[PDB]
Structures are given as C-alpha cells and as structure tokens.
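Novice: piece number one of the complex, untouched:
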Amino acid sequence: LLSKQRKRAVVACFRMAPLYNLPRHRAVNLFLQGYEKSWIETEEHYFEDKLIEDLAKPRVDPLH
Amino acid sequence: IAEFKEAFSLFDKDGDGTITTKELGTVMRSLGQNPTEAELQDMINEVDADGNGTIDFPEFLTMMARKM
Amino acid sequence: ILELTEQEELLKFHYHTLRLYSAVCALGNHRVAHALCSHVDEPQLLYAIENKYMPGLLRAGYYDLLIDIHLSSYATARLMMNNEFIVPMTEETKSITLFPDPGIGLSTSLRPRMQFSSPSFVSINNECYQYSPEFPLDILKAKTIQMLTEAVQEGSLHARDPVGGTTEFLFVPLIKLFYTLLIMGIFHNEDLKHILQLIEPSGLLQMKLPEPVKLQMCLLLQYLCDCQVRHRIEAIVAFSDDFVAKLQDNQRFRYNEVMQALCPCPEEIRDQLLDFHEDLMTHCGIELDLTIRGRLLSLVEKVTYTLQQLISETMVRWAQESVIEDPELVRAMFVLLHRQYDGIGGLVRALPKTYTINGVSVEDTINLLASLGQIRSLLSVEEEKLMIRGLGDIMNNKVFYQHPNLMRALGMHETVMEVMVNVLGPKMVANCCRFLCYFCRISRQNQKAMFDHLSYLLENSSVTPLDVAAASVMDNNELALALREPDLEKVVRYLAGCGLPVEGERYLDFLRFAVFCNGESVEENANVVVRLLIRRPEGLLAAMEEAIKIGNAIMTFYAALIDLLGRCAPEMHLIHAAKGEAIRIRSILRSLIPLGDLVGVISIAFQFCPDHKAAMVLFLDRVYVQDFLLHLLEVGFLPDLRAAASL
C-alpha cells in the first residue's frame, strides 16, 4: 500500500539524478559518441554521378 | 529521518550493512519492472564513489537527501 | 667535391657511402646519430644544400642524410600520432573561433614533444645519447623557403640547365626536405602564409612536373587536408563544452523539478531512466527527424566544410594530360581525390579516435604518450628491456584506469599483441601476458575487445600465455555464452596429449571459467565437453592415496578434474530432476566414475591438505538423503579445535 509507493521513488532515483549530471568529461566524451552515430551519417552523398561523369572526360580516360 | 531507516530495513535482508545486488533484484522482481543485470548494477553503482560496489548507509542517507 | 663530376667510379663510391651513413643510422639509433655527427659534420650539410653545382646523385645523398640524422626520428613520431586527436578542454580550447569569417591559428591538441641533445664528447655519454643530434632550425626553416622561391620562380622558363642535371634532382629532394619540415611542428603562420603563395596563388602546383616529383606533391596536399580535419575536430570540442553544460542542467533540472513536485515513476522519471550512453542518443537523436535544438541546426549547417576545388581540379587534370605509369602515383592521386568528395566519411573515422580530458590530467597523459611511442616504435627492431620499463610505466601511470576507453582507442591491446606474436615465431612473454591480464579487469567492455584474439591465443600454450584466455572469459556472462564448440574442442584435444603430467592442471583451469563463471553453471556449456570427454580416457582410489607417499603433481591433477566435473553438473534445484535429459548427464558423472570418496574426504587434511578435500566436497554436493548426514559427519573436524592454538 503506502510503504511501496516510495519503493518506486527510491529505486528510480538511482537512475534519476546522474544522467550526465555527475561526470563532466565523460559527458562531452559521450556527447560526441552519440553525435557521430546519428547526426553525422547524413545524405549529401548524391555526388556519385557528377564524379563518374567528370572522370570520363578526355589518350586514356581518367576513369580508364 | 526514520522512515528511510524503515525502507532500508525492508531492503536489508541479510543484516550486513552493505546492500548487495540480490536484494535489489528480489524487490525489483516484485516491484513492477523487468531489468537487465547491467541496469540493476547501475542502480547500485550510479551513485558509486570509491569502488565499494555495494550501497552502504551514509551514501544512502545523503542520496535520500537528494530526493526527499 | 665539384671535381667528382667527371670521375665515374669515384662518384658512385661516394654515393653508395652516403647510403651507408643513412642505412646505419635509421629508425632512431641515437648513439649512432651522435657518432656520424663527426664524419658528416653539420656546417657542411648546410653547404651541400645550397651548392648549385654539386652532382646529380650527391645532391640526393646529402639531403637524404640530413633528414635521417637530425629530423626523421621526430617526424615519424608525428606520424604515429596523426590520427588520435585527443584534446584537452582547458580554458583556451573554447576560444577556437571554429570557422573565422590551412594556415591554422591555435591547434590546441596533445601532440608529442621534441627534445634535442647537443652532440659533444664528454663522460656522461649514456645520458646524452638518448634523443637525437641537433642542428639549428631557425637557419634552416628560413633557408628552404628561399631555396624554393629560387627554384620555382626561376625554373618557370623551363631551362635545360638545372641544378641536378635534370629537373628531378632539383625538385625531388627539395620537396622531401620541405615535406618533412612541415610535419615537425615548425613553419609558423608568418611562414605558412609565406609559403602557401608558392602553391596556391589565391605557382608551383600548376607547373609542368615529371612523375616522381609530383608523387611528393601528393603527399604534400595530403597533409594539408589532415590539417583541416585537426581544425574541424578542434572546432567541435570548442562547441561541445557549453552545449553539454547547457544540457547537464536543462535536462536534469526538469528531471528534478518535475520529480520534486510529483512520488512514483509512471513516466516522468521513467522517460529518460536508462543507461547513460543510451540516454545520450535519446536527447541528441531527437533534434532532426525545443530551445537547445535551435543551436545544432545552425552548426550542422556550418559543419558543411577553397582548396577542395583546386585539389579535385588538378588531380583529375594530371590524369588527363598523361598516361601515368608508376602505379604508386595513380593510387596516391585518387585517395586524395576521393577525400574531397567524401569529407563526411573522413570526419566519420576520426570520431572513434578522439577523446577529451581536463587540464589537471594533462600532466600525466603526455608521459603516457611519450611512453607509448617508445612501445610503438619498438614494434620494428635483448631488444626488450626498454619495453618492460615502458609497459610498467603505463601500468603505474595515473591515467590508465580512469580513462579506459581512451586506452581502448589508442589500440594498445593490439600493440602489445603484435609485440607478442613476434616473440612466438622468453622472459618477454611473461611481462607481455601480465599486461593483458591487468588489462581485462579494469573494464567490462574492454574485456569484450580482448576476446576476439582468443581463437589465436589457444594455439600458444607454453606452460603465462593462457592466463589471457582465462581472464577474457572469467567473470562476465555474455562472453561465456558467446564462444562456440571448436574453441573449446581444441583444448580437450590437448589434454589427450597429456596422457603421459603437470600441464593438465592448467588446461583444466581454463575450462572451469567456460562453464561456471558466476556462481551458477551455464547450461549449453554444461552439455558440451562432457559430451566430448566420454570419448577421451581422462582404479582411481589407488592413484589418489598413493600420491601421498610419492609430490603434488597427480595429487592435484585429479583434484582439479573433480572441480571441473563438479561445475558442469546441472542444477541444485528440480531443474536437475524435472527436466528433459539433464538427468542423463546426472547419471554419467556417477556411473563412469563411482564415488569411492573415502580416499578424499577424511585422509587428506590430517597432518595439498585443505583444498583437495574442498574440491572433492563440491562433487559430492552437486551429483550426490538424511542417513548420509550422519555417516560422513565428524570427518576432518577432529583437527578443527585440535590445531586451533597453532595458527
């Protein structure tokens, strides 16, 4: 009843206050670790026909 | 001051002053969550300071100051 | 030396002597480099560079010798540390203007030190001969710029004269000194801007060039690209200081203000209550598919990226106007092209090398970094007593525990691996493998990395070189579930080779960790090798007692085969009984070996002595209901209080 209504409080408190609040240098280390896994792998990569069009432009071709 | 002693005495099962992982597992498996071992080891070692591993009395009180 | 031009044998023998003055002092022989500073005698090296009548080969000789005496021991130590990017986050590191609206300003990273010893002749020569000889750089770093401007702005009329006899010996060992002078941390911004006007003008790069001189220029631009990547990565950390401090509070205070004025955890604390790294993908993965997320999309728009055009114009023009042989030129020309179209992927493969550390731990990571290259340069050489002093000073260093993802990213579980595989084509292995067993214990996921060489490590059991394989499986549970059967199968093949000993007690001590690992057995590894060891040989009451008279060899080989067979027992529950065919292995451990335990339980601890009973009592406590509480009772406890005053 009333005794376990704080058992949900203290157990979830262990994973409450430190969530990149306690470590400073392990957070900036961890921020870029998350930054390189989601925010970096973008899709500018539509160069792949401009390049192979510009490699076959003349001898022996640059692509050949 | 004393009700957190009562929650500690409910959490303490073997009478040693250091709460191990097993009592947290046996209260968690009746609380309402289904965790992994790494998250449960974190919930004892998220407030870890020196390498004792287990949560003892004074850091449990100063953590109870940091919630209620 | 100028009259050597017409003397063919006397020129070729002094060319091939200058090759010996460089092949002898190569890869850092700092005692020999202090010895050839007496036969080569520095102020004539400054002469032989400037002289415009010296012959074709002997210009290339004295350039390639100056580099391999004074310069090319420190310049290679700034090519191992080219792809690390560990960077302090002290106060001026936030002062990077991040893209001021290759001649870089700050470059606050943590690159190695240079130290130069004055080459004299004294009686403390073991203290002197440990770094390099010195020769004055401020003279040389101004001299090679006027040596360049005299070359390109005069050579543009395309003479048939020039300095080496052709134009190869004029420009090849002038760029090669210019290249390995750039890397050494000199040529400050008053000289970088002064020298970039020679290549860019925005001209050397648009000239007519032969093949093996333009190969050296490809390695010149390929440093200029990796000077901007050092600037971009130093711009991100300048941005990721306040942005993680504007998230250490704004997330956590709303994680605290809400969880002060709430008690329970329905969703308000449950929303981010997870692993710390997995929560980092939670708060930063949402910003592209609030208030803080109005800062990234300005920056990720300005971490798009000039010289990216003039590279990708020239390196395709050079392939147009020629049929280019020497296929090291072609490959080195296209890696530099493709990097201009994929600036993202090069920026991808730097972030699993970088790291950030504070200002107070600066004072100890450089002593690690200085003592790491000494390990790393020793990879290519009684060559060992520098490694053991080096490996020990890593372990006694401060920053080896507190940043064990940095030390997983510098690669030093594979550097000490490649030292070991050289030796196993003797006293080096026992200080090599002792480093790995100290390495597996400092972190859990670090042990996961070291696991991958287990398939090699088991082929190298000498008598220690198996302790690495044991302490890679030892305490953690997932890796104990991860290994297959032919990893374990080669171990019990080798025990059949021990059908003669003492090397059986160490093969088995690995097999204890593959099956028990936490306090309770693992079920799939339980059902393996006992399914193998039926088909292997290894009465036995005659062996266990006669070894007392003979003296700890077969006394403990059978006293550890028991503790193996006790762990790979199914359960102490009705998981043992009320299951399917897990009772079949319960019968094999009591019918292939009958009990006969009276040789073990009482006679051994009455004068080795306490442990062989402790191994035998576990096999009783798993495979082997109230009358037996009385028959074996008071066994051994007669000496319990008897020797109690003999502690």
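Specialist: Now that the structure is in, tell me what you want to look at. Residues are numbered from 1 along each chain as shown, chains lettered A, B, ... in the order given.

Novice: rest of the way, CA atoms for contacts and neighbours
Specialist: Will do.

Novice: I'd like to know how far the residue of chain A found nearest chain B sits from residue B:47.
Specialist: As assessed by C-alpha to the nearest C-alpha, chain B sits closest to residue A:14 within chain A, at 4.9 Å. Distance, residue A:14 to residue B:47, using C-alpha to C-alpha, to the nearest Å: 7 Å.

Novice: can you check residue B:39 too?
Specialist: 13 Å.

Novice: what about these two, which has more around it?
Specialist: Neighbour totals were compared for residue B:39 and residue B:47, and residue B:47 leads with 18 against 15 (other C-alpha atoms under 10 Å in any protein chain shown).

Novice: so when I look at the more buried one, I'm seeing a strand, right?
Specialist: No - if the criterion is DSSP: H, G, I helix; E, B strand; the rest coil, then residue B:47 is coil and not within a strand.

Novice: That one: what's it in contact with?
Specialist: Listed by C-alpha atoms under 8 Å, 6 or more residues apart in numbering or on different chains, the contact set of residue B:47 reads A:14, A:18, B:59.

Novice: got these as JSON lines, with neighbour count, secondary structure and distance to chain C columns?
Specialist: Formatted as JSON lines, the contacts of residue B:47 follow (neighbours: other C-alpha atoms under 10 Å in any protein chain shown; DSSP: H, G, I helix; E, B strand; the rest coil; distance: C-alpha to the nearest C-alpha, whole Å):
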{"residue": "A:14", "neighbour count": "20", "secondary structure": "coil", "distance to chain C": "9"}
{"residue": "A:18", "neighbour count": "16", "secondary structure": "coil", "distance to chain C": "8"}
{"residue": "B:59", "neighbour count": "13", "secondary structure": "helix", "distance to chain C": "19"}
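
Novice: Neighbours of residue C:481, how many?
Specialist: Counted by other C-alpha under 10 Å, the residues lying close to residue C:481 total 16.

Novice: Report the buried residues of whatever helix or strand it lives in.
Specialist: Using DSSP states H and E, residue C:481 sits in helix C:478-482. Applying a neighbour-count criterion of 16 or more other C-alpha atoms under 10 Å in any protein chain shown, one finds C:479, C:480, C:481 buried in helix C:478-482.

Novice: If you drop the residues flanking it in sequence, what lies closest to residue C:477?
Specialist: Leaving aside its sequence neighbours, residue C:477 sits nearest to residue C:517 (C-alpha to C-alpha, 6 or more residues apart in numbering or on different chains; 6.7 Å).

Novice: mind adding chain D? sequence follows:
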Amino acid sequence: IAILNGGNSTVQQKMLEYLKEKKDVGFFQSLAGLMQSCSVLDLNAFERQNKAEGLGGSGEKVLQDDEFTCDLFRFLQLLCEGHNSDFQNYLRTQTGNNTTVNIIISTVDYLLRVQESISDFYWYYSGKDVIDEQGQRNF
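Specialist: Just below you will find chain D, in place on the chains above:
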C-alpha cells in the same frame, strides 16, 4: 550486379569470352567456394541470444550475414538473364578448363541447408504460437 542489372547482354558476352580465352579454373573454384559457407539461419546461436535477452549492438547472428547471401545469388542469376544458352552450359559442364565445377548442382545444396534451417526455426517456435518481435525480424 549494378552492371549486369537489367540482364545486360553485351556484358554477359564480355564475361564469357574472358572465361574462355584466359581460361580460369580459379573463378569457378572460387564461386563454389563462396557458396560453401556463406550463411545459414541457425537456432543454436539464437537460444543463447534469447537466453541473454532475459537479463541483457544486437542482432549479430542475422541469417549468418544475409546481405552477402542474397547478393551472391542475385549475381549468379544475372549471368543467365535473357536465357543465355551458353552460360547455362558453362555453369554445368565447363568444357574449357581442366577441372569442371558443377555450380547448378552446388547451388541446389545451399538451398537444402536453408530448407532444413528454416524448418528447424519452425520447430523451436512450433509450440509457443505467439510471435515475438525478434522472431519476426529473423524469419
């Protein structure tokens, strides 16, 4: 695959004269060698991955690297698109080279290791009768 993509017909003619003037045993020996392991969905590694799921970068089993496995056989298909009467006989009898490899027979026997595999993933799951997410994604 991105060259033979629509069942190109000159490219199946360049890739056949090259197998007959520069007579390669090593190509066909590699191709039977490439389908030698190549994959199989195995449940023995799945139960440990299921048993670890009770209490703990995942999915590292998946069909034993299927992305190479579809792409190897899709490449083998496109050498016979448009009904080449010679690439359906230079994959069976192989009259040029000394030792002949029978890829058509050999590509049956890979499939037989996929029939017995995904029948056995049925039998482990034949009793529970309720789909889990990681039983969909691997099936």
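
Novice: back to the contacts of residue B:47, now that we've got chain D?
Specialist: A:14, A:18, B:59.

Novice: with the residues you listed in mind, which one is nearest to chain D?
Specialist: Among these, residue A:14 lies closest to chain D (C-alpha to the nearest C-alpha), at 18.7 Å.

Novice: I figured the closest one hits residue B:44, correct?
Specialist: Yes - contact criterion C-alpha atoms under 8 Å: residue A:14 and residue B:44 qualify, at 7.1 Å.

Novice: May I have the secondary structure class of the residue of chain B found nearest chain A?
Specialist: Nearest residue of chain B to chain A: residue B:43, at 4.9 Å (C-alpha to the nearest C-alpha). When classified by three-state DSSP, residue B:43 comes out as helix.

Novice: Can you tell me how far the residue nearest to it when sequence neighbours are not counted is from residue B:64?
Specialist: The shortest distance from residue B:43 to any residue other than its chain neighbours is 4.9 Å, reached at residue A:14 (C-alpha to C-alpha, 6+ apart). Separation of residue A:14 from residue B:64 (C-alpha to C-alpha) stands at 10 Å.

Novice: And the helices in the chain?
Specialist: By default, I'm working from chain A. A:7-13, A:25-38, A:50-55 (DSSP state H).

Novice: Switch to chain D, please.
Specialist: Remark: helices assigned in chain D by DSSP H are D:11-21, D:26-34, D:44-51, D:66-78, D:103-125, D:133-136.

Novice: What residues does chain A have near chain C?
Specialist: Within chain A, the positions adjacent to chain C are A:5-9, A:12, A:15-17, A:19-21, A:25, A:27-36, A:38-41, A:45, A:47, A:55, A:58-62 by C-alpha under 8 Å from any C-alpha of the partner chain.

Novice: Ok, which of the helices of chain D comes nearest residue C:52?
Specialist: Proximity of those to residue C:52 was assessed by C-alpha to C-alpha; the nearest stretch is helix D:11-21, lying at 55.0 Å.

Novice: Tell me the buried residues in that closest one?
Specialist: In terms of neighbour count (16+ other C-alpha under 10 Å), helix D:11-21 has its buried residues at D:12, D:19.

Novice: Need the residues that contact it.
Specialist: D:3, D:4, D:79, D:87, D:96.

Novice: cool, stretch C:136-153 as well?
Specialist: Applying C-alpha under 8 Å, 6+ apart, the contact partners of stretch C:136-153 are C:50, C:170, C:171, C:174, C:178, C:181, C:186, C:187, C:195, C:198, C:203, C:204.

Novice: Go ahead and add chain E:
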Amino acid sequence: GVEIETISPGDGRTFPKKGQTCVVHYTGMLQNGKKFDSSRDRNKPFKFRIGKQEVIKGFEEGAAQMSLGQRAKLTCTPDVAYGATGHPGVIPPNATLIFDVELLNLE
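Specialist: Alright, chain E goes in next:
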C-alpha cells in the same frame, strides 16, 4: 702531465678556480690531423663545471692552466684521454688528441 702549448696570451692572473663553469670554444682533431669535433661548427660555446668529472681529465687539466682570451693547443695523452677502449665510432683505440681550446667566460 699533458703538453700545453700557449698560442695567444690572455691576461694570466684571472684563472679559473675550482667550482666554476668554463665557457670554451674548442676544436679537436686526431694525431693525423683529421677533425672529429668542433664548437665553431655547431656554433654553441661549450660549458662544463670543473671537478664534477664531466669532461675528460686531459681537457679539464688543460683548461685549468689557462685564462681569459688565452688559447691553447693541448696535446693530450691517450691514457688520460679515452684510452684503449677509445670511443665506438669516433675515436680509434689509443690515439693522441690535439685540442685547440679557447676560453671566453667563467663563473
């Protein structure tokens, strides 16, 4: 006993005492005349403390008997010099040395 030939006269009375640093510009050669060392070459005036057993004993004793501005042509004995072991690479075993030393400053 080492042969100290004076070349130029300095001032003679202000001599280096025990416990001082010696600013020397020096050029050393073998007996054959081949030059194995210098200090005009590397362009740094050498410095060392008397008595601390840093420079060799022939150089030290011959630098003792000089003054400011005086230069000397020491002809050092090989047994006071590097000896039969010599030095591996530069000095052959048991060869006499000819130093041209010159003091500039002291402490």
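
Novice: again for the neighbour count of residue C:481, since chain E is there now?
Specialist: Residues within reach of residue C:481, counting by other C-alpha under 10 Å, total 21.

Novice: and if you look at residue C:386?
Specialist: Per other C-alpha under 10 Å, the neighbour tally for residue C:386 reads 14.

Novice: Can you tell me the element it falls in?
Specialist: Assigning secondary structure by DSSP H and E places residue C:386 in helix C:385-395.

Novice: following that helix, which helix or strand comes up?
Specialist: Downstream of helix C:385-395, the first helix or strand assigned by DSSP H and E is helix C:406-409.

Novice: can you dump the C-alpha coordinates of that next one into PDB?
Specialist: Output of helix C:406-409 as PDB, limited to C-alpha atoms (Å, rounded to 0.1, in the frame of the first residue of the first chain):
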ATOM      1  CA  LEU C 406      40.900   6.200 -24.500                       C
ATOM      2  CA  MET C 407      43.300   3.400 -23.900                       C
ATOM      3  CA  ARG C 408      41.000   1.100 -25.800                       C
ATOM      4  CA  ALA C 409      41.100   3.600 -28.700                       C
END
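
Novice: Return the list of helices and strands in contact with that helix.
Specialist: If contacts are counted by 3 or more C-alpha pairs under 8 Å, 6 or more residues apart in numbering or on different chains; DSSP states H and E, helix C:406-409 sits against no helix or strand.

Novice: What are the contacting residues of it?
Specialist: With contact meaning C-alpha under 8 Å, 6+ apart, helix C:406-409 is reached by C:352, C:353, C:355, C:400, C:446.

Novice: Make sure the third one is actually in contact with residue A:29.
Specialist: If I follow you right, that is residue C:355. Yes - judged on C-alpha under 8 Å, residue C:355 makes contact with residue A:29 at a distance of 6.0 Å.

Novice: Return the distance of the residue of chain D most remote from its centre relative to chain C.
Specialist: Relative to the C-alpha centroid of chain D, counting by C-alpha atoms, centre = their mean, residue D:55 is the outermost residue, at 34.3 Å. Note on residue D:55: its distance to chain C, by C-alpha to the nearest C-alpha, to the nearest Å, is 10 Å.

Novice: The helix holding residue C:481 near chain B anywhere?
Specialist: No - on the criterion C-alpha under 8 Å from any C-alpha, helix C:478-482 is out of touch with chain B, staying 11.0 Å away.
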